[PDB]
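Read the single chain below, which is given as C-alpha coordinates and is the form deposited without ligand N4B.
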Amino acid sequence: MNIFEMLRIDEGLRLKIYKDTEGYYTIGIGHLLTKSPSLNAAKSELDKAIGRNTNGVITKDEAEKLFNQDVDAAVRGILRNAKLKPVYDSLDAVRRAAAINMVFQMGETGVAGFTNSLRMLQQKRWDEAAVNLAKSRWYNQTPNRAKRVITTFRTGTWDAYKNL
(Lines give C-alpha, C1' and ligand atoms only; values in the text may rest on other atoms or scores of the structure.)
Protein backbone atom coordinates (compact mmCIF):
# COMPACT_ATOMS: atom_id res chain seq x y z
CA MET A 1 0.00 0.00 0.00
CA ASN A 2 1.03 3.61 -0.67
CA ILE A 3 -0.56 7.04 -1.28
CA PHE A 4 -1.28 6.17 -4.95
CA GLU A 5 -3.03 2.86 -4.19
CA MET A 6 -4.78 4.49 -1.22
CA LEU A 7 -6.28 7.36 -3.22
CA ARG A 8 -7.11 4.95 -6.08
CA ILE A 9 -9.25 3.03 -3.59
CA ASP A 10 -10.89 6.15 -2.15
CA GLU A 11 -11.51 7.98 -5.45
CA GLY A 12 -12.04 5.15 -7.97
CA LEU A 13 -11.28 5.52 -11.66
CA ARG A 14 -13.75 6.83 -14.22
CA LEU A 15 -12.71 7.84 -17.74
CA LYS A 16 -15.75 9.99 -18.53
CA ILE A 17 -16.73 13.26 -16.78
CA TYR A 18 -18.74 12.45 -13.63
CA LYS A 19 -19.97 14.36 -10.57
CA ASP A 20 -18.07 13.96 -7.30
CA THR A 21 -19.67 13.55 -3.83
CA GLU A 22 -20.35 17.32 -3.71
CA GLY A 23 -21.92 17.31 -7.20
CA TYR A 24 -18.90 18.86 -8.95
CA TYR A 25 -17.68 17.80 -12.39
CA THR A 26 -14.68 15.52 -12.03
CA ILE A 27 -12.71 12.98 -14.10
CA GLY A 28 -10.20 10.14 -13.71
CA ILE A 29 -9.05 9.44 -10.18
CA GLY A 30 -10.89 12.25 -8.40
CA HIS A 31 -9.56 15.07 -10.60
CA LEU A 32 -11.88 17.99 -9.84
CA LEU A 33 -12.51 20.00 -13.03
CA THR A 34 -14.67 22.87 -11.79
CA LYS A 35 -17.31 23.87 -9.25
CA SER A 36 -19.34 25.41 -12.08
CA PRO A 37 -22.69 23.77 -12.90
CA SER A 38 -21.82 24.17 -16.60
CA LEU A 39 -20.81 20.89 -18.27
CA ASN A 40 -19.27 23.00 -21.06
CA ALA A 41 -17.10 24.79 -18.49
CA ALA A 42 -16.04 21.36 -17.14
CA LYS A 43 -15.18 20.15 -20.65
CA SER A 44 -13.10 23.28 -21.22
CA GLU A 45 -11.13 22.61 -18.03
CA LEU A 46 -10.63 18.99 -19.11
CA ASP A 47 -9.25 19.94 -22.53
CA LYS A 48 -6.88 22.45 -20.87
CA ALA A 49 -5.76 19.82 -18.32
CA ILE A 50 -5.05 17.18 -20.99
CA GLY A 51 -3.83 19.40 -23.84
CA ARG A 52 -6.28 18.17 -26.47
CA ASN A 53 -9.89 18.51 -27.54
CA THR A 54 -11.47 15.58 -25.63
CA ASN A 55 -15.04 14.26 -25.90
CA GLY A 56 -15.43 14.44 -22.08
CA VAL A 57 -13.52 11.13 -22.26
CA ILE A 58 -9.88 10.37 -21.47
CA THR A 59 -7.63 7.30 -21.52
CA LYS A 60 -6.39 5.42 -18.46
CA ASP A 61 -2.85 6.71 -19.12
CA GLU A 62 -4.21 10.26 -19.18
CA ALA A 63 -6.18 9.69 -15.98
CA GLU A 64 -3.01 8.42 -14.29
CA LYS A 65 -0.99 11.38 -15.59
CA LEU A 66 -3.44 13.84 -14.00
CA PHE A 67 -3.45 11.72 -10.84
CA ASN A 68 0.34 11.89 -10.46
CA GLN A 69 0.19 15.66 -10.98
CA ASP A 70 -2.55 15.96 -8.38
CA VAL A 71 -0.62 13.89 -5.81
CA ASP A 72 2.38 16.17 -6.46
CA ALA A 73 0.22 19.27 -6.07
CA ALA A 74 -1.09 17.98 -2.70
CA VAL A 75 2.42 17.38 -1.32
CA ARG A 76 3.43 20.82 -2.70
CA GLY A 77 0.46 22.47 -0.98
CA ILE A 78 1.36 20.86 2.33
CA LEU A 79 5.03 21.84 2.14
CA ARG A 80 4.21 25.47 1.26
CA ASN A 81 1.63 25.85 4.02
CA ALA A 82 2.90 27.16 7.37
CA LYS A 83 0.27 25.24 9.35
CA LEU A 84 0.53 21.92 7.49
CA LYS A 85 4.28 21.60 6.94
CA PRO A 86 5.40 21.16 10.59
CA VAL A 87 2.69 18.54 11.21
CA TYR A 88 3.60 16.70 8.00
CA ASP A 89 7.31 16.81 8.91
CA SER A 90 6.47 15.37 12.34
CA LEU A 91 4.66 12.32 10.93
CA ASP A 92 5.80 8.84 9.87
CA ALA A 93 5.37 7.88 6.18
CA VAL A 94 2.05 6.02 6.69
CA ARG A 95 0.41 8.98 8.49
CA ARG A 96 1.89 11.35 5.91
CA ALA A 97 -0.20 9.44 3.33
CA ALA A 98 -3.33 10.17 5.41
CA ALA A 99 -2.46 13.90 5.34
CA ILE A 100 -1.95 13.82 1.57
CA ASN A 101 -5.41 12.28 1.26
CA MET A 102 -7.14 14.92 3.44
CA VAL A 103 -5.75 17.71 1.26
CA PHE A 104 -6.29 15.78 -1.97
CA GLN A 105 -8.84 17.99 -3.73
CA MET A 106 -11.32 17.99 -0.86
CA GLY A 107 -14.11 20.41 0.04
CA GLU A 108 -13.60 22.98 2.78
CA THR A 109 -14.86 20.35 5.22
CA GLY A 110 -11.83 18.13 4.64
CA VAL A 111 -9.39 20.97 5.26
CA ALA A 112 -11.20 22.12 8.39
CA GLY A 113 -11.40 18.66 9.95
CA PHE A 114 -7.73 17.95 9.26
CA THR A 115 -6.69 21.42 10.39
CA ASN A 116 -8.40 20.83 13.74
CA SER A 117 -6.47 17.57 14.09
CA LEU A 118 -3.13 19.18 13.28
CA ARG A 119 -2.40 19.99 16.92
CA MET A 120 -3.16 16.58 18.42
CA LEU A 121 -1.43 14.90 15.48
CA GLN A 122 1.80 16.81 16.07
CA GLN A 123 1.61 15.80 19.78
CA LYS A 124 1.05 12.19 18.67
CA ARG A 125 -2.17 11.99 20.70
CA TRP A 126 -3.61 9.53 18.20
CA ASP A 127 -6.91 8.56 19.82
CA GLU A 128 -7.66 12.19 20.71
CA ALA A 129 -6.77 13.33 17.18
CA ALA A 130 -9.03 10.60 15.74
CA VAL A 131 -11.98 11.73 17.89
CA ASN A 132 -11.40 15.37 16.93
CA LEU A 133 -11.47 14.51 13.23
CA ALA A 134 -14.36 12.07 13.59
CA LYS A 135 -16.52 14.92 14.88
CA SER A 136 -15.75 17.08 11.84
CA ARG A 137 -17.97 18.02 8.91
CA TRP A 138 -15.79 15.91 6.66
CA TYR A 139 -16.68 12.77 8.60
CA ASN A 140 -20.36 13.70 8.48
CA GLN A 141 -20.28 13.78 4.68
CA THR A 142 -18.16 10.70 4.05
CA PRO A 143 -18.07 8.50 7.15
CA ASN A 144 -16.65 5.60 5.14
CA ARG A 145 -13.77 7.45 3.50
CA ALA A 146 -13.08 9.57 6.58
CA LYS A 147 -13.09 6.50 8.81
CA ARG A 148 -10.36 4.88 6.69
CA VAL A 149 -8.22 8.02 6.75
CA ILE A 150 -8.77 8.52 10.50
CA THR A 151 -7.88 4.85 11.20
CA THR A 152 -4.66 5.48 9.27
CA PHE A 153 -3.90 8.50 11.48
CA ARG A 154 -4.89 6.59 14.61
CA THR A 155 -2.80 3.45 13.99
CA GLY A 156 -0.01 4.37 11.56
CA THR A 157 -0.93 1.18 9.69
CA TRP A 158 -2.67 0.41 6.40
CA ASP A 159 -5.22 -1.82 8.17
CA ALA A 160 -8.20 0.21 6.88
CA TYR A 161 -7.09 -0.42 3.25
CA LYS A 162 -5.90 -4.05 3.42
CA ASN A 163 -9.29 -5.68 2.70
CA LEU A 164 -9.71 -3.33 -0.28
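Counting begins at 1, following the sequence as shown.
The following text describes the form deposited with ligand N4B bound, which does not appear among the structures shown.
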Ligand-site obstruction classification: ligand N4B, superposed in the deposited bound form, backbone or C-beta within 2.4 Å: blocked
field: Contact of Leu91 with ligand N4B in the deposited bound form (heavy atom, 4.5 Å)
entry: yes
query: Are any of the heavy atoms in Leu121 no more than 4.5 Å from a heavy atom of ligand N4B in the deposited bound form?
result: yes
Residue contact check: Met102 to ligand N4B in the deposited bound form, 4.5 Å heavy atom: yes
- prompt: Since the partner is left out here, which residues of 121 to 156 would have a heavy atom within 4.5 Å of ligand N4B in the deposited bound form?
  reply: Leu121, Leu133, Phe153
